Every structure is written in structure tokens, then in C-alpha cells.
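Below is one structure, written out as C-alpha cells, with a few remarks after it.
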Amino acid sequence: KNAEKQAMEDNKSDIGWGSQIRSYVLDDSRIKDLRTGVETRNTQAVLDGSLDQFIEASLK
RNA sequence: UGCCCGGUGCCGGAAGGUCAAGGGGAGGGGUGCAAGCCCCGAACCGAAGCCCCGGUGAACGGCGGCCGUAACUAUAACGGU
Ligand SMILES: [Mg+2]
Ligand SMILES: [Mg+2]
Ligand SMILES: [Mg+2]
Ligand SMILES: [Mg+2]
Ligand SMILES: [Mg+2]
Ligand SMILES: [Mg+2]
Ligand SMILES: [Mg+2]
Ligand SMILES: [Mg+2]
Ligand SMILES: [Mg+2]
Ligand SMILES: [Mg+2]
Ligand SMILES: [Mg+2]
Ligand SMILES: [Mg+2]
Ligand SMILES: [Mg+2]
Ligand SMILES: [Mg+2]
């Protein structure tokens, strides 16, 4: 199991720069989910919990 | 060749506590007609030792536990007790 634990550690990573899946930029009001990728302009509405816009569209 | 002198040992301490023989003799008793003779006996004075106050490890000896915490884990330099 600890070998499987390190498999998680070694396959996640790394809360670092070149490592985004979505980019919430509050200085020009956008949240690009650079995976798919939607471009909703309601930044302070996504921070309130409107992730359906992303979840359902990113289950593909 | 580190840290611990609380326990034991040794060393130092004319204070204080306790301390035997002895000294002392408030008081009490036996007996005698009696002077007397004989026996207990409090306060108080009275050594070392012990207590007490310190020192001492190349003196006898002794030198912990639990809990949490860091770039996603592990570990814990750090903290709490
Ligand atoms: Mg110390
Ligand atoms: Mg000692
Ligand atoms: Mg000693
Ligand atoms: Mg001592
Ligand atoms: Mg002595
Ligand atoms: Mg006497
Ligand atoms: Mg006498
Ligand atoms: Mg008489
Ligand atoms: Mg006497
Ligand atoms: Mg003495
Ligand atoms: Mg002793
Ligand atoms: Mg030594
Ligand atoms: Mg000891
Ligand atoms: Mg940690």
C-alpha cells in the first residue's frame, strides 16, 4: 500500500508553474479551463461554486 | 574522560535537636519514741554518635516518557507536556 501511496505522489505533482489545468485570473475577469476549455467571464460566480459549467463539460 | 551531590560513603560545621554514666536533689516512701538509717525521684548541668547545614565522582552509584509539527509521502531541525 505504501508502494501504491508513492505511486500517487509520483504521478500527481507539483503545485508548480508549468502545471495548470484551470487558470482563474481575477484582474481581467476570466477563468480558462485550458483542458477543454471554457472561458466563463463570471469569476466571482465560479468562486461561489458554479463548477457545473466545468464538471459536466470536462467529463469527456 | 561529559551531566547528576536527592539516596549511601568520606570530609568540613564551637549553632540547634536528641543523647549514657555521672552531677544535681523540687518532691515522695520504708522503719524507729527518737536523733537517725535506708530507697525512689522532677527541673537543671552533662561526650562521641545520630539528626541537622554544606562540600565531594579517577567516591558507592545514576544518567526518561508521551503527543504534534516541513514543497500532498516518509522522516522531524522545531514545539507542547
Ligand atoms: Mg543539566
Ligand atoms: Mg549523588
Ligand atoms: Mg552525597
Ligand atoms: Mg548532599
Ligand atoms: Mg561528621
Ligand atoms: Mg541520671
Ligand atoms: Mg544521688
Ligand atoms: Mg515514722
Ligand atoms: Mg540519680
Ligand atoms: Mg554531641
Ligand atoms: Mg543516615
Ligand atoms: Mg566519570
Ligand atoms: Mg542512585
Ligand atoms: Mg509534514
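Chain labels A, B, ... are given in the sequence in which chains occur in the C-alpha cells; within each chain residues are numbered consecutively from 1, and ligands are likewise numbered from 1 in the order shown.
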Where does DSSP see alpha helix (DSSP H) in chain A, if you list the residues as a VMD selection string?
-> chain A and resid 2 to 11 43 to 46 52 to 55
How about saving the chosen residues, N, CA and C atoms kept, as a short mmCIF file (atom, residue, chain, number, x, y, z; two decimals), in the first residue's frame?
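After the write, out.cif holds the following:
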```cif
data_model
loop_
_atom_site.label_atom_id
_atom_site.label_comp_id
_atom_site.auth_asym_id
_atom_site.auth_seq_id
_atom_site.Cartn_x
_atom_site.Cartn_y
_atom_site.Cartn_z
N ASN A 2 1.93 1.27 0.80
CA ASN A 2 2.85 2.41 0.77
C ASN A 2 3.52 2.55 -0.59
N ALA A 3 3.77 1.43 -1.27
CA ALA A 3 4.22 1.50 -2.66
C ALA A 3 3.15 2.13 -3.54
N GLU A 4 1.88 1.83 -3.27
CA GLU A 4 0.80 2.47 -4.01
C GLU A 4 0.67 3.94 -3.61
N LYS A 5 0.93 4.25 -2.34
CA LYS A 5 0.92 5.65 -1.91
C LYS A 5 1.93 6.47 -2.70
N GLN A 6 3.17 5.99 -2.79
CA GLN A 6 4.18 6.68 -3.57
C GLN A 6 3.81 6.74 -5.05
N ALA A 7 2.99 5.80 -5.51
CA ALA A 7 2.51 5.89 -6.88
C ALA A 7 1.63 7.11 -7.06
N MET A 8 0.81 7.45 -6.05
CA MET A 8 0.04 8.69 -6.10
C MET A 8 0.95 9.91 -6.09
N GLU A 9 1.84 10.00 -5.09
CA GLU A 9 2.82 11.09 -5.02
C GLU A 9 3.58 11.27 -6.32
N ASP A 10 4.06 10.17 -6.90
CA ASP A 10 4.92 10.25 -8.07
C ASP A 10 4.17 10.43 -9.38
N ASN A 11 2.84 10.35 -9.39
CA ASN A 11 2.02 10.56 -10.58
C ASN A 11 1.13 11.81 -10.48
N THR A 43 -16.02 35.36 -12.84
CA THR A 43 -15.00 34.88 -11.92
C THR A 43 -15.56 34.73 -10.51
N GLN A 44 -16.20 35.77 -9.99
CA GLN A 44 -16.72 35.72 -8.63
C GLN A 44 -17.99 34.89 -8.51
N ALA A 45 -18.51 34.36 -9.62
CA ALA A 45 -19.59 33.39 -9.54
C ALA A 45 -19.07 31.96 -9.52
N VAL A 46 -17.92 31.71 -10.15
CA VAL A 46 -17.30 30.39 -10.06
C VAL A 46 -16.71 30.19 -8.67
N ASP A 52 -20.44 23.39 -12.27
CA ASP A 52 -21.17 22.61 -13.28
C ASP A 52 -20.72 23.00 -14.68
N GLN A 53 -20.59 24.30 -14.92
CA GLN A 53 -20.06 24.81 -16.19
C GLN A 53 -18.80 24.08 -16.63
N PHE A 54 -17.97 23.65 -15.67
CA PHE A 54 -16.75 22.91 -15.95
C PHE A 54 -16.88 21.40 -15.79
N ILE A 55 -17.47 20.93 -14.68
CA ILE A 55 -17.51 19.50 -14.37
C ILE A 55 -18.11 18.71 -15.53
#
```
Using only C-alpha atoms (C1' of nucleotides) and all ligand atoms, what are the residues with an atom within 12 Å of ligand 8, set out as a list in words?
-> residues 29, 30, 31, 32, 33, 34 and 36 of chain B
Residues from the last selection, N, CA, C and O atoms (P, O5', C5', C4', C3', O3' and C1' of nucleotides), saved as a PDB file, in the first residue's frame:
```pdb
ATOM      1  P     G B  29       4.893  10.593 101.449  1.00  0.00           P
ATOM      2  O5'   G B  29       5.595   9.160 101.447  1.00  0.00           O
ATOM      3  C5'   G B  29       5.054   8.085 100.692  1.00  0.00           C
ATOM      4  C4'   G B  29       5.994   6.904 100.624  1.00  0.00           C
ATOM      5  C3'   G B  29       6.407   6.285 101.948  1.00  0.00           C
ATOM      6  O3'   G B  29       5.412   5.445 102.502  1.00  0.00           O
ATOM      7  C1'   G B  29       8.298   6.494 100.546  1.00  0.00           C
ATOM      8  P     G B  30       5.449   5.077 104.066  1.00  0.00           P
ATOM      9  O5'   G B  30       6.653   4.042 104.192  1.00  0.00           O
ATOM     10  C5'   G B  30       6.581   2.758 103.591  1.00  0.00           C
ATOM     11  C4'   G B  30       7.728   1.887 104.029  1.00  0.00           C
ATOM     12  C3'   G B  30       7.995   1.863 105.524  1.00  0.00           C
ATOM     13  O3'   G B  30       7.147   0.967 106.214  1.00  0.00           O
ATOM     14  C1'   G B  30      10.020   2.236 104.382  1.00  0.00           C
ATOM     15  P     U B  31       6.461   1.418 107.590  1.00  0.00           P
ATOM     16  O5'   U B  31       7.625   1.273 108.660  1.00  0.00           O
ATOM     17  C5'   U B  31       8.311   0.042 108.816  1.00  0.00           C
ATOM     18  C4'   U B  31       9.619   0.236 109.536  1.00  0.00           C
ATOM     19  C3'   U B  31       9.536   0.993 110.851  1.00  0.00           C
ATOM     20  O3'   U B  31       9.142   0.163 111.930  1.00  0.00           O
ATOM     21  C1'   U B  31      11.297   1.870 109.541  1.00  0.00           C
ATOM     22  P     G B  32       8.260   0.759 113.133  1.00  0.00           P
ATOM     23  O5'   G B  32       9.330   1.507 114.045  1.00  0.00           O
ATOM     24  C5'   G B  32      10.506   0.841 114.475  1.00  0.00           C
ATOM     25  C4'   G B  32      11.475   1.791 115.128  1.00  0.00           C
ATOM     26  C3'   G B  32      10.870   2.822 116.061  1.00  0.00           C
ATOM     27  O3'   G B  32      10.541   2.294 117.330  1.00  0.00           O
ATOM     28  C1'   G B  32      12.442   3.871 114.651  1.00  0.00           C
ATOM     29  P     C B  33       9.087   2.574 117.944  1.00  0.00           P
ATOM     30  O5'   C B  33       9.176   4.086 118.439  1.00  0.00           O
ATOM     31  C5'   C B  33       8.014   4.899 118.525  1.00  0.00           C
ATOM     32  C4'   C B  33       8.326   6.242 119.137  1.00  0.00           C
ATOM     33  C3'   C B  33       9.276   7.135 118.353  1.00  0.00           C
ATOM     34  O3'   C B  33       8.633   7.840 117.302  1.00  0.00           O
ATOM     35  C1'   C B  33       9.936   7.081 120.623  1.00  0.00           C
ATOM     36  P     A B  34       9.492   8.520 116.122  1.00  0.00           P
ATOM     37  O5'   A B  34      10.082   9.842 116.786  1.00  0.00           O
ATOM     38  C5'   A B  34      11.296  10.410 116.323  1.00  0.00           C
ATOM     39  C4'   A B  34      12.254  10.654 117.460  1.00  0.00           C
ATOM     40  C3'   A B  34      13.696  10.925 117.065  1.00  0.00           C
ATOM     41  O3'   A B  34      13.916  12.269 116.681  1.00  0.00           O
ATOM     42  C1'   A B  34      13.641   9.325 118.802  1.00  0.00           C
ATOM     43  P     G B  36      19.305  14.172 112.866  1.00  0.00           P
ATOM     44  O5'   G B  36      19.105  12.706 112.274  1.00  0.00           O
ATOM     45  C5'   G B  36      20.183  12.019 111.654  1.00  0.00           C
ATOM     46  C4'   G B  36      20.295  10.602 112.157  1.00  0.00           C
ATOM     47  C3'   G B  36      20.470   9.533 111.090  1.00  0.00           C
ATOM     48  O3'   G B  36      21.818   9.396 110.669  1.00  0.00           O
ATOM     49  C1'   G B  36      18.768   8.876 112.591  1.00  0.00           C
TER      50        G B  36
END
```
Could you name the residues that touch residue 38 of chain A at 9 Å or less, counting only C-alpha atoms (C1' of nucleotides), but leaving out those on the same chain fewer than 3 positions away, as an MDAnalysis selection string?
-> chainID A and resid 31:35 53:54 57
Would you export the selected residues with N, CA and C atoms as an mmCIF file, in the first residue's frame, please?
```cif
data_model
loop_
_atom_site.group_PDB
_atom_site.id
_atom_site.type_symbol
_atom_site.label_atom_id
_atom_site.label_comp_id
_atom_site.auth_asym_id
_atom_site.auth_seq_id
_atom_site.Cartn_x
_atom_site.Cartn_y
_atom_site.Cartn_z
ATOM 1 N N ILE A 31 -11.868 32.820 -16.330
ATOM 2 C CA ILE A 31 -11.442 31.540 -15.776
ATOM 3 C C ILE A 31 -11.344 30.536 -16.921
ATOM 4 N N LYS A 32 -10.169 30.437 -17.544
ATOM 5 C CA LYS A 32 -9.975 29.476 -18.624
ATOM 6 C C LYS A 32 -9.629 28.104 -18.051
ATOM 7 N N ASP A 33 -10.410 27.088 -18.419
ATOM 8 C CA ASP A 33 -10.081 25.694 -18.111
ATOM 9 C C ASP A 33 -9.317 25.152 -19.313
ATOM 10 N N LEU A 34 -8.034 25.513 -19.387
ATOM 11 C CA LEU A 34 -7.154 25.176 -20.509
ATOM 12 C C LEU A 34 -7.085 23.691 -20.868
ATOM 13 N N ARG A 35 -7.954 22.866 -20.274
ATOM 14 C CA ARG A 35 -8.022 21.464 -20.661
ATOM 15 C C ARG A 35 -9.003 21.257 -21.805
ATOM 16 N N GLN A 53 -20.585 24.302 -14.923
ATOM 17 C CA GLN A 53 -20.064 24.809 -16.188
ATOM 18 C C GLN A 53 -18.799 24.077 -16.627
ATOM 19 N N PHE A 54 -17.970 23.653 -15.672
ATOM 20 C CA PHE A 54 -16.748 22.908 -15.955
ATOM 21 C C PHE A 54 -16.883 21.396 -15.789
ATOM 22 N N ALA A 57 -18.859 19.491 -18.567
ATOM 23 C CA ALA A 57 -18.177 19.670 -19.844
ATOM 24 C C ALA A 57 -16.816 18.988 -19.885
#
```
Do you know which residues are within 10 Å of ligand 7 using only C-alpha atoms (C1' of nucleotides) and all ligand atoms? Can you write them as number ranges by chain?
-> B: 22-25, 41
Selection above as a file: C-alpha atoms (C1' of nucleotides), as a PDB file, in the first residue's frame:
```pdb
ATOM      1  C1'   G B  22      27.927  10.858  86.445  1.00  0.00           C
ATOM      2  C1'   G B  23      26.430  15.696  88.972  1.00  0.00           C
ATOM      3  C1'   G B  24      22.161  17.879  90.959  1.00  0.00           C
ATOM      4  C1'   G B  25      18.118  16.889  94.701  1.00  0.00           C
ATOM      5  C1'   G B  41      12.995  10.668  92.462  1.00  0.00           C
TER       6        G B  41
END
```
Tell me, as an MDAnalysis selection string, which residues lie within 8 Å of segment 53-70 of chain B, counting only C-alpha atoms (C1' of nucleotides); anything in the same chain fewer than 3 positions away does not count.
-> chainID B and resid 3:5 8:13 76 78:81
